[PDB]
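Step one of this worksheet: look at the structure below.
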Amino acid sequence: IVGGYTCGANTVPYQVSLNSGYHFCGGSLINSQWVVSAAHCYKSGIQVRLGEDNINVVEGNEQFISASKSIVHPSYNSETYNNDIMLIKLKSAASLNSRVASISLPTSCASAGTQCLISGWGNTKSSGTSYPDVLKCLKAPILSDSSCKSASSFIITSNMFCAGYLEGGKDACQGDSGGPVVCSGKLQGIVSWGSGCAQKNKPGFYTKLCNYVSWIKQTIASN
Ligand SMILES: [Ca+2]
């Protein structure tokens, strides 16, 4: 997260880190046994780390649970990032408390102008690389589709929205992928991609979760 702020320990209790011997992506806890992340974050042997603040220090609110299933959307396109969504089943249920909690799925889509919270342990620099110890947060509005369509040579699919700041300096970045975009207490987005990070006229692009709710419920119910 570039241009964000330190969230505070466990203030985003649905935020998880996906770990393969190092943090590589975020995700969102949606019930005691299931995490939503990005399809482009898929790999074998993921360990889900819940209750994290400082990802480099054992502080005492962590639960580390192996993924038992990592399910990429069947229509994920790795070139366009269309349908950039993955469901992870935990090998055992997480123990839910104030610091480890699920986030609600949306009942409807959010409108342009809605303010959202984006979070993660991704790169905090727009030029070069710096990875934080603690969770970073960014308040960002959903933009109109014409501001994303004009804002990229790749035209935005109906399964994506963009959010953030056309002036530059405030955005998600590498290592934030798969993490949450929460608006009005509902999980509306998944950190998907962008052109660089926090560049002028190049907002962040997010998987539009409201389109996937029935798919998520069905996939969970069958697995
Ligand atoms: Ca920790």
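We label chains A, B, ... in the order they appear in the structure tokens, count residues from 1 in each chain, and number ligands from 1 in the order shown.
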
Set out as CSV a contact list for chain A and ligand 1 with a cut-off of 7 Å, giving each residue of chain A that qualifies its closest atom pair and distance in Å to one decimal, counting only C-alpha atoms and all ligand atoms, ordered by chain and rising residue number.
```
residue,atom,partner,partner_atom_place_in_ligand_line,distance
A:52,CA,ligand 1,1 (Ca),4.8
A:53,CA,ligand 1,1 (Ca),5.4
A:54,CA,ligand 1,1 (Ca),4.5
A:55,CA,ligand 1,1 (Ca),4.2
A:56,CA,ligand 1,1 (Ca),5.7
A:57,CA,ligand 1,1 (Ca),4.5
A:58,CA,ligand 1,1 (Ca),4.2
A:59,CA,ligand 1,1 (Ca),5.1
A:62,CA,ligand 1,1 (Ca),6.1
```

Self-check item: Every residue of segment 50-196 of chain A that DSSP places in strand (DSSP E or B), as an MDAnalysis selection string
Solution: chainID A and resid 50 63:72 86:90 104 115:120 136:142 160:163 171 180:183 186:193

Exercise. Do a neighbour search on residue 96 of chain A at 12 Å with only C-alpha atoms, toss out local chain neighbours closer than 2 positions, and write the hits as a count of residues only.
Key: 20

Quiz prompt | Nearest residue to residue 36 of chain A from the set A:104, A:130, A:147, A:78 (distances using only C-alpha atoms) | solution =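 Ranking A:104, A:130, A:147, A:78 by distance to residue 36 of chain A, first place goes to A:104.
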
Self-check item: Residues of chain A in alpha helix (DSSP H), written as a VMD selection string
Solution: chain A and resid 145 to 149 213 to 221

Self-check item: Test item: residues at most 7 Å from segment 138-140 of chain A, only C-alpha atoms, excluding those fewer than 6 positions along its chain, as a PyMOL selection string
Solution: chain A and resi 4-5+115-119+163-164

Keeping only N, CA, C and O atoms, write the selected residues to a file as a PDB file, in the first residue's frame.
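Below is the file part-v7.pdb, written as the result:
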```
ATOM      1  N   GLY A   4      -0.580   5.113   2.214  1.00  0.00           N
ATOM      2  CA  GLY A   4      -1.521   4.706   3.248  1.00  0.00           C
ATOM      3  C   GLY A   4      -1.033   5.036   4.649  1.00  0.00           C
ATOM      4  O   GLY A   4      -0.199   5.923   4.843  1.00  0.00           O
ATOM      5  N   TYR A   5      -1.570   4.316   5.624  1.00  0.00           N
ATOM      6  CA  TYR A   5      -1.272   4.550   7.019  1.00  0.00           C
ATOM      7  C   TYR A   5      -1.261   3.215   7.767  1.00  0.00           C
ATOM      8  O   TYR A   5      -1.825   2.211   7.309  1.00  0.00           O
ATOM      9  N   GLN A 115     -16.751   5.134  -0.436  1.00  0.00           N
ATOM     10  CA  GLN A 115     -15.435   5.071   0.184  1.00  0.00           C
ATOM     11  C   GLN A 115     -15.214   3.667   0.729  1.00  0.00           C
ATOM     12  O   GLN A 115     -16.115   3.072   1.311  1.00  0.00           O
ATOM     13  N   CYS A 116     -14.002   3.153   0.527  1.00  0.00           N
ATOM     14  CA  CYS A 116     -13.682   1.764   0.897  1.00  0.00           C
ATOM     15  C   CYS A 116     -12.353   1.725   1.629  1.00  0.00           C
ATOM     16  O   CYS A 116     -11.584   2.680   1.569  1.00  0.00           O
ATOM     17  N   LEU A 117     -12.089   0.616   2.320  1.00  0.00           N
ATOM     18  CA  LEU A 117     -10.820   0.407   2.984  1.00  0.00           C
ATOM     19  C   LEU A 117     -10.069  -0.739   2.292  1.00  0.00           C
ATOM     20  O   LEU A 117     -10.597  -1.850   2.187  1.00  0.00           O
ATOM     21  N   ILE A 118      -8.848  -0.434   1.877  1.00  0.00           N
ATOM     22  CA  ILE A 118      -7.975  -1.406   1.200  1.00  0.00           C
ATOM     23  C   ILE A 118      -6.799  -1.606   2.140  1.00  0.00           C
ATOM     24  O   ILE A 118      -6.286  -0.647   2.712  1.00  0.00           O
ATOM     25  N   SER A 119      -6.322  -2.847   2.283  1.00  0.00           N
ATOM     26  CA  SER A 119      -5.252  -3.097   3.231  1.00  0.00           C
ATOM     27  C   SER A 119      -4.310  -4.181   2.744  1.00  0.00           C
ATOM     28  O   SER A 119      -4.669  -4.980   1.886  1.00  0.00           O
ATOM     29  N   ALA A 163     -10.645   1.793  -8.320  1.00  0.00           N
ATOM     30  CA  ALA A 163     -10.741   2.585  -7.101  1.00  0.00           C
ATOM     31  C   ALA A 163      -9.411   3.258  -6.838  1.00  0.00           C
ATOM     32  O   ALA A 163      -8.349   2.791  -7.272  1.00  0.00           O
ATOM     33  N   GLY A 164      -9.455   4.364  -6.116  1.00  0.00           N
ATOM     34  CA  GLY A 164      -8.250   5.072  -5.781  1.00  0.00           C
ATOM     35  C   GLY A 164      -8.276   6.510  -6.264  1.00  0.00           C
ATOM     36  O   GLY A 164      -9.321   7.180  -6.187  1.00  0.00           O
TER      37      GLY A 164
END
```

Quiz prompt | Counting only C-alpha atoms, the residue of A:74, A:120, A:179, A:169 that sits nearest residue 41 of chain A | solution =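 With only C-alpha atoms as the atom set, the closest residue is A:179.
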
Quiz item: Within 8 Å of residue 188 of chain A, counting only C-alpha atoms, which residues qualify if same-chain residues fewer than 3 places away don't, as a VMD selection string?
Solution: chain A and resid 105 to 106 109 to 110 180 to 183 208 to 210

Keeping only C-alpha atoms, write the selected residues to a file as a PDB file, in the first residue's frame.
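Result file is part-v5.pdb:
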```pdb
ATOM      1  CA  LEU A 105     -20.112 -10.734   1.465  1.00  0.00           C
ATOM      2  CA  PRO A 106     -22.109  -7.969  -0.293  1.00  0.00           C
ATOM      3  CA  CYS A 109     -22.773  -3.850  -5.745  1.00  0.00           C
ATOM      4  CA  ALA A 110     -21.319  -0.545  -4.494  1.00  0.00           C
ATOM      5  CA  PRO A 180      -9.707  -6.888   0.715  1.00  0.00           C
ATOM      6  CA  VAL A 181     -11.576  -3.866  -0.498  1.00  0.00           C
ATOM      7  CA  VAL A 182     -14.228  -3.302   2.164  1.00  0.00           C
ATOM      8  CA  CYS A 183     -16.995  -0.751   1.663  1.00  0.00           C
ATOM      9  CA  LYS A 208     -15.990  -6.989  -8.460  1.00  0.00           C
ATOM     10  CA  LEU A 209     -17.053  -9.388  -5.708  1.00  0.00           C
ATOM     11  CA  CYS A 210     -20.766  -8.581  -5.873  1.00  0.00           C
TER      12      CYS A 210
END
```

Self-check item: Counting only C-alpha atoms, the option among A:12, A:137, A:38, A:25 closest to residue 174 of chain A
Solution: A:25
